Amino acid sequence: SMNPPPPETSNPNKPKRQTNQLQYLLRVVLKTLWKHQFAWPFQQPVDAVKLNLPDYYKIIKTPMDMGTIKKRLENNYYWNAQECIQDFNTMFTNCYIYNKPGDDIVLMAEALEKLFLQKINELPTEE
Ligand SMILES: CN1Cc2cc(S(=O)(=O)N3CCCC3)ccc2NC1=O
């Protein structure tokens with residue numbers, strides 16, 4: 001009963017960049033989702049141990065969560081916005097794959113994904 005190491009949030013060898021799109025992702029997209037009533041189960045890596053989901057990391061081999069995304073943004077881990085958008089999508093997809101439809105957690109992810117899509121609809125053109 002161990003969790004895996006969480007996804008990296010910094011890497012000495014990975015080129016780093018600030019873009020206006022990455023700024024929007026932190027200041028508008030992540031900020032909006034982070035403070036949502038349904039954010040909290042997504043604010044850190046899935047703790048398969050504490051949540052008693054022993055098969056979680058047998059099924060989900062590409063874990064992701066908003067805690068991780070938040071640190072990546074803050075750390076300037078990403079080169080581009082598409083990397084960050086991909087992380088959000090992974091987090092939602094993992095949830096839909098692992099959990100039963102009608103579980104509360106699935107309803108929560110669906111609400112946050114709708115808001116995410118609303119906010120990324122207006123991602124500004126890059127400068
Ligand atoms: C992302 N999660 C975390 C999670 C949390 C929890 S719970 O029991 O904390 N809970 C019930 C709904 C609100 C939060 C249960 C399952 C998952 N599955 C994931 O897919």
# chains A, B, ... in the order shown; residues from 1 in each chain; ligands from 1
>>> residues_around(residues="segment 68-77 of chain A", least_positions_apart="2", cutoff="10 Å", atoms="only C-alpha atoms", output="number ranges by chain")
A: 6-12, 14-19, 22-23, 25-27, 30-31, 34, 42-45, 63-66, 79-81, 83-85, 87-88, 91
>>> residues_near_ligand(ligand="ligand 1", cutoff="9 Å", atoms="only C-alpha atoms and all ligand atoms", output="PyMOL selection string")
chain A and resi 38+40-48+51-53+56+64-65+91-92+94-99+103-109
>>> closest_residue(among="A:3, A:89, A:82, A:21", to="residue 114 of chain A", atoms="only C-alpha atoms")
A:89
>>> select_by_dssp(residues="chain A", states="helix (DSSP H, G or I)", output="ChimeraX atom specification")
/A:20-34,40-42,56-59,66-74,81-98,104-120
>>> closest_residue(among="A:78, A:29, A:67, A:62", to="residue 116 of chain A", atoms="only C-alpha atoms")
A:29
>>> atom_distance(atom1="atom CA of residue 32 of chain A", atom2="atom CA of residue 93 of chain A")
19.6 Å
>>> atom_distance(atom1="atom CA of residue 2 of chain A", atom2="atom CA of residue 102 of chain A")
27.5 Å
>>> residues_around(residues="residue 115 of chain A", least_positions_apart="4", cutoff="10 Å", atoms="only C-alpha atoms", output="list in words")
residues 29, 32, 33, 36, 109, 110, 111, 119, 120 and 121 of chain A
>>> atom_distance(atom1="atom CA of residue 5 of chain A", atom2="atom CA of residue 37 of chain A")
27.1 Å
>>> decode(residues="segment 65-92 of chain A", atoms="N, CA and C atoms", output="PDB file, in the first residue's frame")
ATOM      1  N   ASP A  65      -3.344  15.831 -11.571  1.00  0.00           N
ATOM      2  CA  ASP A  65      -4.190  16.536 -10.619  1.00  0.00           C
ATOM      3  C   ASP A  65      -3.882  18.015 -10.702  1.00  0.00           C
ATOM      4  N   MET A  66      -4.779  18.853 -10.195  1.00  0.00           N
ATOM      5  CA  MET A  66      -4.571  20.321 -10.197  1.00  0.00           C
ATOM      6  C   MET A  66      -3.457  20.813  -9.299  1.00  0.00           C
ATOM      7  N   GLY A  67      -3.174  20.098  -8.179  1.00  0.00           N
ATOM      8  CA  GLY A  67      -2.015  20.474  -7.333  1.00  0.00           C
ATOM      9  C   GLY A  67      -0.749  20.480  -8.156  1.00  0.00           C
ATOM     10  N   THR A  68      -0.571  19.380  -8.887  1.00  0.00           N
ATOM     11  CA  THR A  68       0.545  19.198  -9.792  1.00  0.00           C
ATOM     12  C   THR A  68       0.576  20.285 -10.846  1.00  0.00           C
ATOM     13  N   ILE A  69      -0.558  20.556 -11.502  1.00  0.00           N
ATOM     14  CA  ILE A  69      -0.647  21.579 -12.562  1.00  0.00           C
ATOM     15  C   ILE A  69      -0.302  22.960 -11.994  1.00  0.00           C
ATOM     16  N   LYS A  70      -0.842  23.258 -10.803  1.00  0.00           N
ATOM     17  CA  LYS A  70      -0.554  24.516 -10.123  1.00  0.00           C
ATOM     18  C   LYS A  70       0.934  24.719  -9.877  1.00  0.00           C
ATOM     19  N   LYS A  71       1.602  23.710  -9.333  1.00  0.00           N
ATOM     20  CA  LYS A  71       3.068  23.758  -9.126  1.00  0.00           C
ATOM     21  C   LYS A  71       3.802  23.892 -10.453  1.00  0.00           C
ATOM     22  N   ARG A  72       3.372  23.154 -11.475  1.00  0.00           N
ATOM     23  CA  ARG A  72       4.020  23.267 -12.792  1.00  0.00           C
ATOM     24  C   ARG A  72       3.946  24.685 -13.317  1.00  0.00           C
ATOM     25  N   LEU A  73       2.778  25.303 -13.209  1.00  0.00           N
ATOM     26  CA  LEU A  73       2.600  26.701 -13.675  1.00  0.00           C
ATOM     27  C   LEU A  73       3.473  27.656 -12.864  1.00  0.00           C
ATOM     28  N   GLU A  74       3.423  27.504 -11.555  1.00  0.00           N
ATOM     29  CA  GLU A  74       4.199  28.361 -10.647  1.00  0.00           C
ATOM     30  C   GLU A  74       5.699  28.238 -10.822  1.00  0.00           C
ATOM     31  N   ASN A  75       6.129  27.030 -11.155  1.00  0.00           N
ATOM     32  CA  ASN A  75       7.542  26.701 -11.371  1.00  0.00           C
ATOM     33  C   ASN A  75       8.064  26.992 -12.784  1.00  0.00           C
ATOM     34  N   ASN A  76       7.190  27.430 -13.684  1.00  0.00           N
ATOM     35  CA  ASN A  76       7.469  27.592 -15.113  1.00  0.00           C
ATOM     36  C   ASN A  76       8.001  26.307 -15.741  1.00  0.00           C
ATOM     37  N   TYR A  77       7.415  25.200 -15.345  1.00  0.00           N
ATOM     38  CA  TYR A  77       7.736  23.920 -15.860  1.00  0.00           C
ATOM     39  C   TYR A  77       7.418  23.750 -17.344  1.00  0.00           C
ATOM     40  N   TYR A  78       6.339  24.382 -17.797  1.00  0.00           N
ATOM     41  CA  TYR A  78       5.897  24.146 -19.155  1.00  0.00           C
ATOM     42  C   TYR A  78       6.613  25.048 -20.137  1.00  0.00           C
ATOM     43  N   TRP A  79       6.744  24.570 -21.354  1.00  0.00           N
ATOM     44  CA  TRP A  79       7.162  25.412 -22.494  1.00  0.00           C
ATOM     45  C   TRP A  79       5.977  26.040 -23.158  1.00  0.00           C
ATOM     46  N   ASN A  80       4.850  25.325 -23.243  1.00  0.00           N
ATOM     47  CA  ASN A  80       3.686  25.862 -23.943  1.00  0.00           C
ATOM     48  C   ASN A  80       2.369  25.535 -23.240  1.00  0.00           C
ATOM     49  N   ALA A  81       1.309  26.236 -23.650  1.00  0.00           N
ATOM     50  CA  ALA A  81       0.006  26.044 -23.055  1.00  0.00           C
ATOM     51  C   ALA A  81      -0.537  24.676 -23.370  1.00  0.00           C
ATOM     52  N   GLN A  82      -0.257  24.133 -24.559  1.00  0.00           N
ATOM     53  CA  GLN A  82      -0.799  22.824 -24.902  1.00  0.00           C
ATOM     54  C   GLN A  82      -0.392  21.727 -23.917  1.00  0.00           C
ATOM     55  N   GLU A  83       0.827  21.810 -23.396  1.00  0.00           N
ATOM     56  CA  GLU A  83       1.234  20.870 -22.357  1.00  0.00           C
ATOM     57  C   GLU A  83       0.343  20.904 -21.117  1.00  0.00           C
ATOM     58  N   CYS A  84      -0.046  22.101 -20.747  1.00  0.00           N
ATOM     59  CA  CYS A  84      -0.875  22.307 -19.567  1.00  0.00           C
ATOM     60  C   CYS A  84      -2.317  21.835 -19.851  1.00  0.00           C
ATOM     61  N   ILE A  85      -2.833  22.207 -21.020  1.00  0.00           N
ATOM     62  CA  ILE A  85      -4.172  21.781 -21.424  1.00  0.00           C
ATOM     63  C   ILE A  85      -4.224  20.252 -21.403  1.00  0.00           C
ATOM     64  N   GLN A  86      -3.171  19.595 -21.905  1.00  0.00           N
ATOM     65  CA  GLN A  86      -3.072  18.128 -21.913  1.00  0.00           C
ATOM     66  C   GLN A  86      -3.128  17.580 -20.495  1.00  0.00           C
ATOM     67  N   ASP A  87      -2.461  18.244 -19.564  1.00  0.00           N
ATOM     68  CA  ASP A  87      -2.530  17.763 -18.146  1.00  0.00           C
ATOM     69  C   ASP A  87      -3.965  17.819 -17.573  1.00  0.00           C
ATOM     70  N   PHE A  88      -4.704  18.937 -17.837  1.00  0.00           N
ATOM     71  CA  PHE A  88      -6.085  19.019 -17.424  1.00  0.00           C
ATOM     72  C   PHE A  88      -6.903  17.866 -18.009  1.00  0.00           C
ATOM     73  N   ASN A  89      -6.709  17.616 -19.280  1.00  0.00           N
ATOM     74  CA  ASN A  89      -7.460  16.564 -19.962  1.00  0.00           C
ATOM     75  C   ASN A  89      -7.176  15.164 -19.428  1.00  0.00           C
ATOM     76  N   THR A  90      -5.909  14.908 -19.120  1.00  0.00           N
ATOM     77  CA  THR A  90      -5.505  13.669 -18.473  1.00  0.00           C
ATOM     78  C   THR A  90      -6.206  13.504 -17.144  1.00  0.00           C
ATOM     79  N   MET A  91      -6.222  14.566 -16.325  1.00  0.00           N
ATOM     80  CA  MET A  91      -6.896  14.491 -15.011  1.00  0.00           C
ATOM     81  C   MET A  91      -8.370  14.099 -15.177  1.00  0.00           C
ATOM     82  N   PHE A  92      -9.074  14.760 -16.082  1.00  0.00           N
ATOM     83  CA  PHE A  92     -10.499  14.432 -16.307  1.00  0.00           C
ATOM     84  C   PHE A  92     -10.667  13.033 -16.850  1.00  0.00           C
TER      85      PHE A  92
END
